[PDB]
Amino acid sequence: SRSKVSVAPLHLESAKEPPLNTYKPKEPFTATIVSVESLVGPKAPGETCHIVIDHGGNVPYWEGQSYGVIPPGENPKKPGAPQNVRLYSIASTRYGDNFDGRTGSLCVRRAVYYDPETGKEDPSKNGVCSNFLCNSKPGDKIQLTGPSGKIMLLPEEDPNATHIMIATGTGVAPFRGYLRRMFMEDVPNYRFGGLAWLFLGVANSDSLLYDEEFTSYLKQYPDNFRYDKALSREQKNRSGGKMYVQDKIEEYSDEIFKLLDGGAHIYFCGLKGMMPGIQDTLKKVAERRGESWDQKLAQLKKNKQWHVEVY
C-alpha cells in the first residue's frame, strides 16, 4: 500500500508564507472541541491533556506556530474586558490528527495552585485557561486567535538537514508536528531524508508525552531518527544526582557538536527554567574540547541554526 498516511487537501502546501493573526482578540474564531484526553499516568506530578479542536479549515497554520485561546469570563482586573489571550504551541501538523486539514491539537498542562506550607490546593488560584481547556468536553466551544509565531517554523529548504530538538514537558508540542510531517504523512513536496533527534526531559515515566508515537519512529526510520529521554525522578547520577535533559546532551556531546558544526538546526521549547542548566552544560562541554561556547553560540545565531521558544 505504502507506509506514509495520505493527507488532504494538498493545496495546504501552496501558501508561500505562513498565515499570521488571521483572527484577533476582538473577533476570535469560535471553534469546537472534538476530544480531550489525559496523556499521563497516575504517578505524574500533574495532568497534561491532549485537545483536538475542529476549526473547520478556517484557521490554517504551519508547524511550529501557536494558537491563542481566550478563556471565558472577565479580566480579573480589567472590568468589562475579556480575559487575556494565552498562547499554546500547536502539537499537530497542518493536516491535523484526522489528516483532513480541519482540526488542530494542543498539549496542555493544568496549572494547579497548592499552598507550599500546607500543601493545600486553592482553586481560586489555579490557572484559568489551562484548567478550562483540560476540563472541556466534546461539543464545547473555544475562542481562538492567531495563528502566531515564526520562530519555530521548520526550515524545509534542505530536506536532508539535521534537526536536534530539545524539549521539557509540553515543549514537545511543536516537535510532535515536525516529526509527523517528516515521517508519518505523505507530503509529496517535502520528503525528509536527514536526521531528526529528539531529547525529551520529564519528571518520570508516567509523565512521558506521546512516547508510543516517538518510539515507533525508531523502528521505522532507524537511520533518520534518534530519541533520548531524561526522567528527572527516575534516572541517573552523572556528575551530580538525578536526570535532566542537559545530562543527556552531555552524554552525546561530541556527536552534537559535530552535527552543529556541520549546519544542524537546534531547537529548545518548553519551560524557560530549562535554559540555564543547558547553557551551563554546553559551556562546560565546549571548554573540555578547548572551544569557547560564547563564540560558537554567536556563530550559530548568525547562521540562524539556534531556535528557542520557552515560556
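Numbers for residues come from their place in the sequence shown, where the first is 1.
Legend: mean Cα B-factor per stretch from the PDB entry, 76-84 versus 199-207; the higher mean is in 76-84. Stretch comparison (115-123 versus 160-168) by mean CA B-factor in the PDB entry places 115-123 on top.
Comparing the listed residues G240, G104, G146, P174, the entry records the largest Cα B-factor for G240.
Sorting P188, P71, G96, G194 by the CA temperature factor given in the entry leaves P188 at the top. For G262, the recorded CA B-factor ranks within the middle third of the chain. Only modelled residues enter the ranking. For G64, the recorded CA temperature factor ranks within the lowest third of the chain's modelled residues. Placement of the Cα temperature factor of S38 within the chain: middle third of the modelled residues, per the deposited record. Split the chain's modelled residues into thirds by C-alpha temperature factor. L282 is in the highest one.
Annotation for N135: CA B-factor lies in the lowest third of the chain's modelled residues.
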